[PDB]
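Novice: Below are the structure tokens for one structure; questions will follow.
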DNA sequence: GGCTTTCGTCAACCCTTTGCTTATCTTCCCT
DNA sequence: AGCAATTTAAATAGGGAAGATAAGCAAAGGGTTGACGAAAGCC
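Protein chains in written order, with PDB author numbering: chain G, 2 to 303; chain C, 1 to 247; chain B, 119 to 177.
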């Protein structure tokens, strides 16, 4: 009598960011929006591969895409548009009955602090991945339906209580609890410094002469929307022995650390979804993790 | 001293691609030799050989099956069954743009020869296919061998048929040496004693099984000897090239 | 048509992996009214794909 | 006495997934 | 109102880093294309 998940069950992304375009401004005249071009440089060094103490001194020439602030502007600006979409339990590819019993298994999830963690990850500047390391201050300006919100000092590791993140998260959770959508026009101003080096997203190219190739929109330095969205959904502090917020994944998995924080401890998304559709009463953190996966999206079947 | 008339880019569609039971595709040299003797009958210009090349040729269908023809209820006495679909006997159809080059011997001006060949081709039918279009035929002569090659290269671009001969049989060498098989003629099995259901009552008739030779496609300029591309009626109830087996 | 050509050619060109061919079921929907070989070899007879090479127009 | 219509009779597979060829070009020379 | 000069040489070499991954679903239908033989009204 177990309610098996359909193979075709798939949820769409309901936090849609745009490609985060990266401009250069000063800290005073932020309207002087000059775009940061990706340049290409070729750099000489040494090959210091772990298992090669022979090629060590031979030399190493690498062609890398670089992006820097110009030497007349000390502030990096990052412009993007988060798009929180409601209707969060209607799986656009899933079955009707399984998605309906998952919806009526997850009506009581606290959307307020889910939306607070999303808007906090926007406001504290987690969408600036390496662009926050080394900065006098990080000013986040979010336009939410003709309402400008200003953010100066927010520690990104823990989700502190403040009234502006809660104010934006009020209509973000109102969207995520029901229908409609809300658009967050985000502008980040990092006082990086005069001629400082900025960190755009890097593309994967297989057979290319470029060692590192950055993402460029018509030549302008930019971040990928998936990197920005990963930084939105980096809210998971509810897994086993949680010390830092990780990205919401179906297996709680990060690739760089080489460990899945929710695989092998029956806290992965699929076990809690099968528990939700089979009468196991979920916890508040557990429901919040499952709903965060449902608005991250993904196909969950087979 | 040799004379030729070339009809270039003979776009023909509706070609009966069923060359035989085991060959479907390009019409064989028996078809084009039959076309040559057809003009020997209608126009009176008696034709020794025909060299034919394929500019374009597509058999209607997929890469493994030909598109069958929706048959029409045309036999007598099967009314009542006419509302249902007519049964399909296998006849693949094809389209083809050809280039033909007829060895003729002529004693008048080239204009009346061109007009006679044009008036034939306007009423002709290449392999059961309606001749959709054709360029104005032009007369070229092969006084010597360099002039023979001039006529040869005047059929550009087309893939002519060269005979490569039978070693053991058709299937074996088609896999081994990878050459194409086609009908070079027929083999007579039995005399036909009933001439009532035939085209003529006086012309002697035989049941036949198509003999095949193995052939290759080479572009007309890459053919060294034009006599190896000119097919003609041999005296073995078959057709053959003037130059014999292509080497 | 030669019957030995049809049957032995289908068997050989399926045996010797010669795939430059067409396949035709001869009798139709139910080939037992045609011929015993069409009745039994229902997969269709192998005939030679006699298409010549094309001339590319853009040259 | 054929003759033309319609109904009954007799069956049973192992398939495979592009090349075939691959285009008609300057030396002497003197006017 | 066209005239704008000639030769001569364009650098040898050393390097172009590896380590990770490259999803799992579920679909992919049949509808016509039958000729001989045998009852059986019908000129």
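By construction, the Cβ of each residue, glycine as well, lies at the ideal position given by its N, Cα and C atoms.
Run through chain C and tell me which residues come within less than 7 Å of residue 149 of chain B, C-beta to C-beta.
Specialist: Correct list: empty, because the minimum Cβ distance to chain C is about 11 Å.
Novice: Does DSSP put residue 116 of chain C in a helix, a strand or coil?
Specialist: Residue 116 of chain C falls in the helix class under three-state DSSP.
Novice: By DSSP's criteria, residue 131 of chain C is part of a beta bridge. Which residues make up the other side?
Specialist: According to DSSP, residue 131 of chain C bridges with C:12.
Novice: Where does the unbroken beta strand (DSSP E) through residue 214 of chain C begin, and where does it stop?
Specialist: First-last of the beta strand (DSSP E) with residue 214 of chain C: 206 to 219.
Novice: If the criterion is Cβ atoms closer than 8 Å, does the pair residue 296 of chain G and residue 15 of chain G meet it?
Specialist: Against a cut-off of 8 Å, the Cβ pair of residue 15 of chain G and residue 296 of chain G comes out as a contact.
Novice: Specify the secondary structure class of residue 156 of chain B as computed by DSSP and reduced to three states.
Specialist: Helix, per DSSP.
Novice: Which one of G:178, G:61, G:5 and G:21 has the shortest CA to CA distance from residue 88 of chain G?
Specialist: It is G:178 whose Cα lies nearest to the Cα of residue 88 of chain G.
Novice: Which chain C residues are close to residue 168 of chain B, counting only those with a beta carbon under 7 Å from its beta carbon?
Specialist: By Cβ distance, chain C contributes 19, 23, 24, 25, 26, 180 and 182.
Novice: Pull up the CB-CB distance for residue 19 of chain C and residue 168 of chain B, whole angstroms please, since I reckon it's below 8 Å.
Specialist: 6 Å between Cβ atoms; contact.
Novice: Looking at chain B, which residues of the stretch 199 to 223 of chain C have a Cβ within less than 9 Å of any of its Cβ atoms?
Specialist: Those would be 209, 210, 212, 217 and 219, in chain order.
Novice: State buried or exposed for residue 180 of chain C, treating a residue as buried only when at least 16 other CB atoms are found within 10 Å of its CB.
Specialist: Classification of residue 180 of chain C: buried, given that the 10 Å Cβ count is 16 or more.
Novice: Look up residue 142 of chain C in the DSSP assignment and say whether it is helix, strand or coil.
Specialist: Residue state, collapsed to three classes: strand.
Novice: At what residues does the alpha helix (DSSP H) containing residue 231 of chain C begin and finish?
Specialist: No alpha helix (DSSP H) holds residue 231 of chain C; the beta strand (DSSP E) holding it covers 231 to 234.
Novice: For residue 27 of chain G, which of G:46, G:65 and G:71 has the nearest alpha-carbon?
Specialist: Of the listed residues, the one whose Cα sits closest to residue 27 of chain G is G:71.
Novice: Please state whether the Cβ-Cβ distance between residue 43 of chain G and residue 64 of chain G is less than 8 Å.
Specialist: In this structure, residue 64 of chain G lies closer than 8 Å to residue 43 of chain G by Cβ.
Novice: Using the rule of at least 16 other Cβ atoms within 10 Å of the residue's Cβ for burial, across every protein chain shown, is residue 158 of chain C buried or exposed?
Specialist: Per the 10 Å Cβ criterion, buried.
Novice: Taking the runs of the beta strand (DSSP E) that are 3 residues or longer, which of them lie wholly in the stretch 119 to 203 of chain G?
Specialist: For the stretch 119 to 203 of chain G, whole beta strand (DSSP E) runs of length 3 or above, ordered along the chain, are 139 to 145, 149 to 152 and 182 to 192.
Novice: Could you tell me if residue 132 of chain G is buried or exposed, where buried requires 16 or more neighbouring beta carbons within 10 angstroms of its beta carbon?
Specialist: By the neighbour-count rule (16 or more Cβ atoms within 10 Å), residue 132 of chain G is buried.
Novice: Which of the three DSSP states, helix, strand or coil, is assigned to residue 129 of chain B?
Specialist: The answer is helix: DSSP assigns residue 129 of chain B an H, G or I state.
Novice: Note down the Cα distance separating residue 286 of chain G from residue 148 of chain G, rounded to an integer number of angstroms.
Specialist: So the two alpha carbons sit approximately 30 Å from each other.
Novice: Is the CB-CB distance between residue 24 of chain C and residue 87 of chain C below 8 Å?
Specialist: Not in contact: residue 24 of chain C and residue 87 of chain C (Cβ atoms no closer than 8 Å).
Novice: On the three-state DSSP scale, how would you describe residue 109 of chain C?
Specialist: If DSSP states are grouped into helix, strand and coil, residue 109 of chain C belongs with coil.
Novice: Leaving aside the five residues before and after residue 62 of chain G along the sequence, list all residues of the same chain whose C-beta is less than 6 Å from its C-beta, in chain order.
Specialist: Excluding residues within five positions, the ones whose Cβ falls inside 6 Å are 45.
Novice: Listed from N- to C-terminal order along the chain, which residues in the stretch 226 to 243 of chain C have their beta-carbon within a distance smaller than 9 Å of any beta-carbon of chain B?
Specialist: So the list is empty, because no residue satisfies the distance condition.
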